[PDB]
Structure formats: C-alpha cells, structure tokens
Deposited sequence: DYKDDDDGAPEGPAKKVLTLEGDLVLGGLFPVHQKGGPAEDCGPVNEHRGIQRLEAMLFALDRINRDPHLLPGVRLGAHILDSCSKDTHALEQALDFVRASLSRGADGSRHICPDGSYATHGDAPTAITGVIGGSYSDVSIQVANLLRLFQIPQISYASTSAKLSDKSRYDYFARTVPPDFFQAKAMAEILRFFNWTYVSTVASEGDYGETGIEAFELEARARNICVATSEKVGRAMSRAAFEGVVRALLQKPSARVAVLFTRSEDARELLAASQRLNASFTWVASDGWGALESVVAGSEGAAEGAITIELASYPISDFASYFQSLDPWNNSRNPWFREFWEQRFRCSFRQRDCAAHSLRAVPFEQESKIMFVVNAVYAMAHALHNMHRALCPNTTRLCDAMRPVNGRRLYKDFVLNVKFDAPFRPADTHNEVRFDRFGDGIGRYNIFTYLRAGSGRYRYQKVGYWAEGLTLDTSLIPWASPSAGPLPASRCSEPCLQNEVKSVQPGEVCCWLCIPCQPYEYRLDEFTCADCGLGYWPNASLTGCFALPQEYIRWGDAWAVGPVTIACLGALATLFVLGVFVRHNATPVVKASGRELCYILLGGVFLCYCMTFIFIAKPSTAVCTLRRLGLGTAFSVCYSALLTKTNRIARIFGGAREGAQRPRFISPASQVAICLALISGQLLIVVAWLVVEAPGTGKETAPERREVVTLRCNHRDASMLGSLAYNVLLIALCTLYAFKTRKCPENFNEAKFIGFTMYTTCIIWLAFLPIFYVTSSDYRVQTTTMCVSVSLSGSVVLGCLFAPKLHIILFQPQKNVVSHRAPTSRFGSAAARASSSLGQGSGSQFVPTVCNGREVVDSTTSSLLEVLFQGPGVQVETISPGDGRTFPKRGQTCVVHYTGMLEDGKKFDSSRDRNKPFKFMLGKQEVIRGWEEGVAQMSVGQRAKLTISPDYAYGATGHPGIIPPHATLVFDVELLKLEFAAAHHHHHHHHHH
C-alpha cells in the first residue's frame, strides 16, 4: 500500500527516498533499505526539524514535508512523483522543490517530468553525466560532484607521479562507459593516452577474467592501471590478478573507494593501490537523533515500522520489538548523509532569500509570492547560495555552492592500501582534492622515492641533449630517442640539423661555425728539408755573387755578358725567396702575390738563358736586353691583369671526411698559372731549340757547354715535373709540397751550372 509522509506548512518540500528495495520481478517493493532509504529520510527529517526551529533562516515561514518512495524503479518513481504536481498544475497541497530520487534513472525521470512543470530538484545523491546536460535537464541541481570530477582527480594524481602510459579498465553500463570517455578526453590535454582500453561486461566469466589479465600483462612497460568498475567487479578483478600473480599500482574510481569487502579475500595483489572516495564527515547530532528513536516514539514515518521489522527479526504482533534497546548497538553512518541535510539547507536558504527579496514588509509570508515559479528561484536563489555547511566541524571549513551546471563542489579523499607493521591490512587517507591536488608523498611507503617507484613511462629518454632524434608519429604521449649522426648537429630537439657535414658539432650542438685548417704543421718530413733547401738556395746565390764581384775586374768576365749573369743571379734569388716564403699564412695579397712572383722569376731565368745563347749562336747587345725585358714585362702584365678579372680564391672540402681547407685566395691558381706555365714552357722550348743549333764556336772558355747543359737539364726537370704537378693538384697538401720542391730543384740546377765558372774564377 502506497503511503506518503506529509507535514503541514506554508512551503512544502518533496521527497523520493528509496526506502523500499527493488527486489525481484515478483515483489515490486520488498526489502526495506535502511542504509540508503531510512537513514537519509531521517536525516532529512532532522534537517527539517532543525530549520523549522532556528530563528535565523526564513524566520517566519514554516516548512513542510511531502516524502514519497521510489522503490528503486523509474516507472514507479514517475507514478509517485505525479502526485507532486497534482495541485500545482492550475486536500492536495502545492509542492515546491524536491530532493531528488537518490539514483541515476530515478533522478533522470523525475527531472524530465518536472522540467515541463517548473519544479526545482536538488538530488542529494546522484552522480551522472547525463544530468549535467542543461539542454534536457535545466531544472536539476545536486550537492554531490558528478562522475567526471574524479576523472580530474585521477588524471592530476597520475600527472603528479609523472605517469603517462596507463591502461584503462571499463565496466558495462553506466559508470563504466561514460567515465572512460571523459577520462580519455581530459588526459588528452595532459599528454596521457590509453594503452589497452579493455572493457568488462556485467556477467563476465572467471576464465575470461584470467584472459583479460593476460591481455593486460601483454604490455610489458605498463605498471599502472586506472580502474572504472563496480565493487564486486573490482573484487573479482583483484581475485583474478592474485591468481595470475600480476601486480600493478592500481588506480581506482569511487567504485572501489575504501570498502574492505572489495579487497577482502585478495590481499597481497592489491598492495600500493590508490583509490579515491567522496569526502564526508560524521554528524554527531543526527547520530544522537537517530539513536533517539524507537518504534513507539515516531509516528510521522509510515515506513519506520517496516524498517523496525526488517532490522530486528521480531514482530509487531507481540515480540522483542518492544524490549529492543537500540542503544549502544553497532551503527554506522552512511557516507551520503551530510549531502541530504546540505540539500535541505540549500533549499531553505533559497526560499529565505526569495522571501526576503519578494516580501520585505513583514516577516510573515507575503501574498505577492503566491504564484510560485521555479524559473526565478532556480536562476537567482537556488544557484547563488554560498553558506557554511550546517553541523560542520569547527576545525574544517565547508561551503555549499552550486556551479553554472547545477553541480556541487568536488572534494575527493585519496586512499592508500598499506602493510601495517603490527596490524592487519587497512586503508588510510593521504590527501584530498577540493580545488588543488595535495598528497603526502613520504606517507606512502610503497610509492616512495626509495622503495623503487614505478614511472611506467614506457618511452624512457636517457639520450643526451645532443643525441636526440625523436622523429616518429607513434603516440603523442612519448617517443623514443636516437643519437644523431656525427655528421649532423642537434640544433633542434625534434630533428637533428645537419648544418654542415665537415665540422663536428660542439657539446651544445649549436655552434655551426665551420672547422678551420692549418698550413703551418711543421714536421720532420715536409718542413725540415723543404724549408732548409729554399733558404740554402738564396744563401748560395749570395756566395755565388761574391766571387763574381771579386772577379768583375778581370778580362775573362769582360768577354761574358755582365747583364746576363746579373739577370740570372736575380732570377735565382727571386725564385728561391718565393719558395722560402711559401710556408706562410695565406691572405688576400700574401699567397697570391708569392705565387705570381714565382712565375715571373722563373720566366726571368728563361729570358736570361735566351739572351745568353743568341749571342753565341750569332757569333746589338742592348736590343736583346730590351726584348727580354719587354717579354718579362708583358708576361707579368698579362698575369697581373688576370688577378683582378679571373683569379677568384675559394675552396673547401666539406662532405667527404674533410673540413674547410687552409687557403684564402690561392685556391684556383692552377687555372691562372696555366697561362704563365704555357709561356714559360714555350720560352724553355724555344731556348732548347736555339741551343741545339748553337754552340758551333767554342769561345769564351767553352761557355757554350754550360748553356747547353742548362737547356738539357731545366727542360728535362720541367718535363718530368709536369705530370707530378697535375697529379699533385688533386690534394692541396701534396700540391704545396711538390711546388716548393720543384721551384728549389729548378734553382739548384741553375745554381749548379753557374758553380763551375765560379771555381775557374777562384782558381
């Protein structure tokens, strides 16, 4: 028989407390729910009694109660809630405000019914994402956080421990499917992605649980799992994990909470588990007022008799139902008891604010508010209550507020599963999540820095700052690191930047400033001998000219050409000087100038030879000197003009195992020297041809023999060295060494030939 708890008052508040259990199909309303129906109903009754008496909240207006039952059903809840609007559509009593159905389906149906009829609803216990949608339920409010705030808490706690690679376990139906999507979407911003988004059905086999545990075990680098399951589903999952000897840092939703029955029978495989539970505190006044009730005291509650008959096995015919003390009996307060009184006080505050803002003349309820409207109340007063929670502890601070979506503030208490030194296994509180995350890291022994914490990142990156090549789509959570090639540089963290193949990047991997080279690497092989020979050649010229000066005042020297001897001596000194200074730092006008002078010096020797054999072959002397001087000047002018026009100096090997060459402007001198070499070769060839037909008359102490020897020696040396110069041109180091030797060799041959006349002069 349907019954209603009714109280007479100016303003009446509805009720849909599920006192009766749903039961089986045969019994629509069988067993009486005491923890969730009777306790919360008595909490509402106590809140109404307290608000009635207190002269500070709606001081004059008295509040009534119209409490019904839902029987944990939706159609029955709708049928009972139809009585709420049976008087407000236009003895039945007008009902304003209801306190929800204490479920998801019941609250959804009640809100859908009351949205059209303009009746506000404040559900004391309802956590669903559908009710947060204002398009379908714009008149629904709740004092409990929705199911996506615990997702925020779990994502934040995962971020705090630097865990980014996680595996999610879902559940069939509501609270197991919606939570996964919200958690994933929220973890997208926090750079956290799923690994195995496995789901568990309602009737899911034990061997199937073992297979699912093996599926979780398939990923090796996944030591953390987030659980969205109901209590018994979590119990069976932990049992399967214990049977398969699988251990993870379990992270769980409100389903696990701090219930001992969930972990009971599976101890050992749940150590280090992290769980979050809704924050609540016991109320001493309600506990004293509930234990101050026996069946013969209260009449207002029609279901109190059924609760008494259910709780104690006595009977109201004649039995222990009158000797049962009920005092000092094992009793526990339901977690969601303070929410009921908070909702009642929020409704009382909204009504008081409405009365104050609409009836400011007298404390009595004015008649101007007779057409009660839920729209104005919900928009102005219900959604703008900011008051301290009644019966709150003095040390703590609690404020009841509603958001723009009608949901209450979120506060979750994080729990950890320990190993007591002397006690048994039990839970504890290590932190809370009201507005900002906070935990005591040192409190947890398992999740401590010293007891082998598990990052479970799966993408560990121990690579150096200059050895990162993380170029792979993979997953946005993390990526693998590879050292860059030595030829490249790590200028950019994402991709190695191969700014230059030659130079090796520095430690910072950003100094793409090239790699130089030196041409001053003196050694025993290429510097000890080559430098001495060039210096000796210049010194030998000084010794040679000394004999000539002493022999200048001699009849023998008069016959020989004084100008030719001086020109030959100057050319030998000039070529030797260029070779001696060739070992120097190149610049714009150092290396280029030195090589240009060497070509002129070599041509001077060829010109001196030409003017020394024409006279012998013929047999005006000034004509030969002028012609030779013009040829030397013409060759120098042609070379000098080419320097400005077609003598660009640049060269460096970068790709194949090499750095920038040690050169400034004498890099392309091979092309420039081709013209000078061709002129020198032609002059040498012409001199040799003339010398072949010369030396007919052996005059001047057989000086023609010396001239012929030079032609047969200088041409042979130049011809032999020609393939060497072309071959050595490939490598700069080889070319420099060969060039110095060739210049010194040419000067030595000329100096050696002139040694014989010096010996005759001395002797």
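Engineer: Need the unmodelled segments of the deposited chain, numbered from 1, in order.
Structural biologist: Those stretches are 1-13, 104-123, 653-666, 811-993, listed in order.
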